[PDB]
Each structure stands twice: as C-alpha cells, then as structure tokens.
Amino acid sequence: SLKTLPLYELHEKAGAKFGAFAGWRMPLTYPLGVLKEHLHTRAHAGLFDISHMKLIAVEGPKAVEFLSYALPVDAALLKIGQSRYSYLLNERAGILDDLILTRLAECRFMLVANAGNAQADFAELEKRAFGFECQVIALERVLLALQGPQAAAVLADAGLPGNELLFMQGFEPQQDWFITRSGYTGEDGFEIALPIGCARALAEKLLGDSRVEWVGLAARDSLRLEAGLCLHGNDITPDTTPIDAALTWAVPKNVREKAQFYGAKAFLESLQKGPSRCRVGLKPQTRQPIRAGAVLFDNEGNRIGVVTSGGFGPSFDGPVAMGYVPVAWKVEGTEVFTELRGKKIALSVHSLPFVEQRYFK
C-alpha cells in the first residue's frame, strides 16, 4: 500500500533503511548515516532519489493564460528556460501546494508538485483549466537531485549538459528529459527528470563517481531546514497564507496589481490585514533537537504557537527549527518556550537561513 520507487532495488542494494513519507516507501538513511550524508552534500555531491515528486506538463495555445489564472504568476513574462517558485492557492489564499514552474517553449511549461499533493494538485489544475485551450498532463518520470559544490563537476564528467544553466533555469537536453539548476539544499545543484526506463543506468553512472553518495530523506530534511526552506505539510499548509508564511516575495507587484489569479482577492486582503501568525526560524537553547509538533508558549505559559520542523543541523552544528509565533513575538532574538520532561526549555527566534546559501552566481 505504500508506493514503490522505480529505483527501489538500487536503494535496497545500497543498504537503505526505509520509511513512509507522503504515501511512499522512501530511503530515510543509508549506511553512511544521516550526519555524514548531510555533511557529504555540503562538501562533495549528494544524489537524492526524489521520484516521489510529480512533473506535470502544461501545453497548448492558451497555456500562458491558464497559468496566470491558476497560479499567482505572469506566465507571459517568464522567459523560456526560466523557473519560478510559486504556489497553488485556495479561495482563502491558503497554500494547497508549493510548486516550481518552468517555461520550456512559447506554449509549453513544466510544474513540479510535491509527493503528498500530486494527485490533488493535478485534479485542481485540471478544473482551473476547464475554460482554457490547454492540456495538463501528469508525467511518469524518475527525478534525481544532484547537489553540492562538486555537483556541476560530476555532471560535466558524466557527459551531461547543464553547466551552462544559471540558477533557476532549466532545459530539455533530450526528448522527455528535463534538467534544472535548482534544488532543496541551499547548495549549487541540479535536478534531472527522465523516463523510468533510462533511470537506473543514469543513477548507477552518477553513483560510480567517487564524489557522489546517495543521501536519504533524513539528511534531505536537515539540509533544507538549515537552508530555511519550507516543507509543505509541515511549515506551510492550506491553513497558512503566503502572508503568514512570509512567502509573499514570490508574487511580484505587477501580478498583485493585475489580480487575475485564483485566490487573489483573499491574498490582497490578507496582505492589507497582516499575518494571523508568522513563520519564523527558531534556535533551541539546548543541544538536543526540538521536533515538529512541539507546542510554543510565552513567558507566562500561554500557548502562542508550534514548532513545524526541527532537527539537528550538522553544518550549523546544533538544533535548527522553524515554526509559527504571533506577530508580537516575531522579532529576532525573542524568547519562546516549550516543555520537555516537565521542564521549560527556551528557544529564540532566529534569522533564516541558518547556513549560508551557495547558489550558482
């Protein structure tokens, strides 16, 4: 009943330890281990099987107009090859999913959807497309991320194109292949989407490079959390608007002013009213991590918020977390508290990212 990765056997051969995520059986860690896999990515090149994510193609003569209604983007202004972070909003401007949109041609675009939301995102995009002369197509693909300071060199030595991309650009080097210079680590890196029948060979070719190791979901999580990146279902949900989540930067002024996207009225009203709670970085004042779901209190014991993500960051060399506090507590350095074994434990509100980003310039 958990979904199976196309490359499951490679993970089994690599000695992966498996667990459930977003309805898939995923490698959580390998024998290298959560700490060294994390550190490996920041020093070398980590290979991540992210085939649980979903590519959705959007194609047809009115793809541009459809996209500018479905999402808060000006799809006509996106240059061919350019990627943008965006989100599918509901009528109340809650975030159904966060997405990356890439223009591939005048009438062709690609979306990458999160694993847990792929089916719902596809159904909702299809309904928003009812009026438009465009098609929305869920693709069957393997998706690999190759991340770290050596990733570009590994890519070149494997004979794959992409070193010419800038950060947040993408292209199609072969029919049914899609490569982007992007990721979820705060490092330089790439994502490669390709047909399922071509994938095992590619993954074995990249792993064969002495700079490359497989990285599991645990380390994927510590990396992204150090980088200050949101995880939908933890840090953003259909109950959090981009205003609460401090993600309004993703919607440029011209798009706000045109207000043609689904959710625009609620988005604009939320922007005027201000946030109902605020996504913040949190630094536990302890060597032991505070985990997702930890309740946050003020200095008098009143419940004020919650930790949405938390773990040990090996690069930061201590616990890192993110969560929600009311606007009054969002100032950098503000003390908030949680309870552990009946003792009050302090966290301070902390800038994000925790670790400096090293995207290609």
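Quick note: we count residues from 1 along the sequence shown, nothing fancier.
Visitor: Mean CA temperature factor from the deposited coordinates, higher in 80 to 88 or in 248 to 256?
Guide: According to the PDB entry, the answer is 248 to 256.
Visitor: Between 128 to 136 and 221 to 229, which has the higher average C-alpha B-factor in the PDB entry?
Guide: Comparing 128 to 136 with 221 to 229, the higher average CA B-factor belongs to 128 to 136.
Visitor: Using only the C-alpha B-factors in the record, can you name which of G189, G216, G208, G281 has the highest?
Guide: If I rank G189, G216, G208, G281 by C-alpha B-factor, first place goes to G208.
Visitor: Whose CA atom has the top B-factor in the entry, of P27, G301, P31, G323?
Guide: Comparing C-alpha B-factors across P27, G301, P31, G323, the top value belongs to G301.
Visitor: Report the third (lowest, middle or highest) to which the CA temperature factor of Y262 belongs, ranking only the modelled residues of the same chain.
Guide: For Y262, the deposited C-alpha B-factor lands in the middle third.
Visitor: Check where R341 lands among this chain's C-alpha B-factors and tell me if it's the lowest, middle or highest third.
Guide: Tercile = highest for this residue's CA B-factor.
Visitor: Thinking about Cα B factors across the chain, which third does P61 belong to?
Guide: Top third by C-alpha B-factor.
Visitor: Based on the deposited C-alpha B factors for this chain, I'd like to know if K13 is in the lowest, middle or highest third.
Guide: According to the entry, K13 has a C-alpha B-factor in the chain's highest third.
Visitor: What third of the chain does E106 rank in for C-alpha temperature factor, lowest, middle or highest?
Guide: Highest third - that is where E106 ends up once the chain's C-alpha B-factors are sorted.
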